[PDB]
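This report concerns only the one structure given below.
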Amino acid sequence: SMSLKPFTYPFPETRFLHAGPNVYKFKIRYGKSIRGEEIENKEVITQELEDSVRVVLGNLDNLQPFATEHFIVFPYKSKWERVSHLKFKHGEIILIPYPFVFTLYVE
Amino acid sequence: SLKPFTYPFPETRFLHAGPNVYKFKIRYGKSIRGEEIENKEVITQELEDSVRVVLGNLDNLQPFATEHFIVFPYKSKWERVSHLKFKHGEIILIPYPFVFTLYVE
Amino acid sequence: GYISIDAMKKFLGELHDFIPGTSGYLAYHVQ
Amino acid sequence: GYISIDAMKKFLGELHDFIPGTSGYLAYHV
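As structure tokens, then:
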């Protein structure tokens, strides 16, 4: 169903995600239309947002916009600056930060 | 001096910049399609500006706002290009290997 | 006029929130 | 809120429509 804590729609947030030996930095942003209005069935929306994050992780080298039932998502990567100055650990295991930050512009 | 863009209808444009030829696609979203603009010279200039920003940031595409639009630029692989040859007179032009799509909203 | 999420490849593997101070996760600076 | 186009780097050089059969442009297959 959902392995991640619910996203705080419609509030923008930064999330760090651990998958295998890597850690990823994600930012979620909401546009004017979807931001002003709020919807009560947030479970469907939270599922759609996790689904959107998983699509982005599934297309790391070919980001493209896509439509969910309630949103259009425009994913973008940008260089994660000073990621060399950060160290991420899971117990004693060093996690490798993916060198790009993912921003999902949810519209 | 570029030919007018065919707003609000999607189009494919081939553009020569430096030693390369670029393939651009323009797409318009639901909102901007329902409402139409009468003075298209301003719009054509904004779209040229948008193309020039993409060409100025080939390695770091990001969305941006013009006076009338939000532009979400994306690149995808230009498929079936390896068997094509472009010339400008005797000059060989190199196709840039990615299509640029401007999602105009 | 956008492709449906249901036509996209999706990473379906294990995915966890990285929350320092929990589940053995820690983060810090260097130099 | 999205960044203004006016804050971004812009290619300011010469930019032409590539139209085969005009201005010396040609395209063809193998």
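Protein chains in written order, with PDB author numbering: chain C, 0 to 106; chain A, 2 to 106; chain D, 175 to 205; chain B, 175 to 204.
For every residue, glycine included, the Cβ atom is placed at its ideal position computed from N, Cα and C.
The C-alpha of D:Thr196 is placed about 56 Å away from the C-alpha of A:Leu94. Per the C-alpha coordinates, the member of A:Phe15, A:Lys24, A:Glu42 and A:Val22 positioned closest to A:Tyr8 is A:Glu42. In this structure, the beta-carbon distance from A:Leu16 to B:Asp191 falls below 8 Å. For A:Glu49, the uninterrupted alpha helix (DSSP H) run begins and ends at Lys41 to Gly57, by DSSP. Counting along the chain, the unbroken alpha helix (DSSP H) around C:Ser32 starts and ends at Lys31 to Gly35. Residue nearest to C:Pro98 within the set C:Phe6, C:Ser77 and C:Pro20 is C:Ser77 (criterion: CA-CA distance). Annotated as proximal: A:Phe73 and A:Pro64, with beta-carbon spacing under 8 Å. Residue contact with chain D for C:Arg14: present (Cβ-Cβ distance below 8 Å to some residue of chain D).
If you compare the alpha carbons of A:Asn40, A:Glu91 and A:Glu12 with that of A:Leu103, the shortest gap goes to A:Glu12. In this structure, D:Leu189 sits away from C:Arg14, with a CB-CB distance that is not shorter than 8 Å. Shortest Cα-Cα distance from C:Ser2 to any of C:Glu39, C:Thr45, C:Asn58 and C:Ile27 involves C:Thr45.
For C:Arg53, the chain D residues whose C-beta falls within less than 8 Å of its own C-beta are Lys184, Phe185, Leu186 and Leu189, listed in chain order. By the Cβ neighbour-count rule, A:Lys24 is buried, with 16 or more other Cβ atoms within 10 Å of its own. No Cβ-Cβ contact shorter than 8 Å links C:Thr67 with D:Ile177. Bounds of the beta strand (DSSP E) holding A:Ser77 are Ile71 to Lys78.
Here DSSP, grouped into helix, strand and coil, assigns A:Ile95 to strand. Per DSSP, the continuous beta strand (DSSP E) segment holding A:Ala18 begins and ends at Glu12 to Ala18. A Cβ-Cβ contact shorter than 8 Å links C:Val105 with C:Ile27. Under DSSP, D:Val204 shares a beta bridge with no residue.
Here D:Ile193 has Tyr199 as same chain residues with Cβ atoms under 7 Å from its own Cβ, once five neighbours each way along the sequence are excluded. Looking only at C:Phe101, C:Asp50 and C:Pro20, the smallest Cα-Cα distance to C:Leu62 is reached by C:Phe101. Under a criterion of Cβ atoms nearer than 9 Å, no residue of chain C is adjacent to D:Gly195; the nearest Cβ is some 12 Å distant.
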